[PDB]
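Okay, so here's just one chain, in structure tokens, the form whose entry title says "open state".
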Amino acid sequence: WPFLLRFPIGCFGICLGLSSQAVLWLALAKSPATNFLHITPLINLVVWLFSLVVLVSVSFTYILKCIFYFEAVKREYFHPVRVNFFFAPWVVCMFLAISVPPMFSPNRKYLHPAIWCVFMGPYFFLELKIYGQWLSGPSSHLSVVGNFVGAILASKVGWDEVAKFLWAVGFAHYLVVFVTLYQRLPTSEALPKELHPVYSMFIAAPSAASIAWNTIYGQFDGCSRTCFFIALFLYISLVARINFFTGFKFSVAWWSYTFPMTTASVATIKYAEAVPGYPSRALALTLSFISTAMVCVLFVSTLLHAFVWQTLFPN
């Protein structure tokens, strides 16, 4: 059993969670509402560099597999559940782009338009091609989160009009996913094993949509508030449904679940700036504290379970 076979596409899950952490701490240092913490922006410098190293190493190793064992890649593509992970490498690169650590880049009004085109295009072509396969042969193949994220990148460039077009496309696909998935949610028992990639974008897409609305227009309306509150209601359902009595075991799939929690925390900070008050401030800090704590303990657990015991990679 060579190492290439035991290396699946699920490795990209860890990069998405860690990269999403970078945007959270950037806000905590550039938030006028949360100025009283005096958080040093140097934290983002370490986190952003760490996200680049893991993304390059993961991507480079996977490229070697694609030339060495193309047939293995071909087999993975067809399987229905693990298809969504093909979108993961493209969407994560956009997350680093919006971070854009202040120290590296001298102050400028907008980023160069060339950056948007290179990252965005491979995603749009993949979205249409993967959608066509479903018709030839649920509706879980559709990608929703990436379109909302691209709108944020487009707003940073300054192309306001195209950002509105991407938001409309992302919303339309959400309706089909929302109706089907809500009817049959996964059972509390054996939650991580079943439909783990698909579920993550169910508690995350609304929170991303609210952030995109704030960048395009600049003022909160019913779109940003209601989408944010829907995500909060869905997030609360996890606590009530999860069984505290039932035991839990370590699994690689836990890395993907981190990403939904982080996106909600960033969205809450936007709400606090628009509407000041003691309620919002405490709620924003609480969500951030839970998100960052889970990553730190999970990072230690996934580090020990891979080195001394080499149980991270199954046969």
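Between two forms, the rigid core is the largest collection of C-alphas that superpose within 1.5 Å. Note that residue numbering begins at 1 and tracks the sequence as displayed.
The form whose entry title says "closed state" is left out here; the points below concern that form.
Taking the core as reference between this form and the one not shown, the lone member of 110, 104, 244, 233 whose Cα moves by 2 Å or more is 244. Once the cores line up, the CA of residue 125 ends up less than 2 angstroms apart between this form and the one not shown. The Cα position of residue 189 differs by 2 Å or more between this form and the one not shown after fitting on the rigid core. Once you line up the core between this form and the one not shown, the Cα of residue 200 ends up 2 Å or more from where it was.
Between residue 257 and residue 244, the C-alpha separation shrinks by 3 Å or more in that other deposited form, relative to the conformation displayed. The Cα-Cα distance between residue 197 and residue 86 is lengthened by 3 Å or more in that other deposited form relative to the form shown here.
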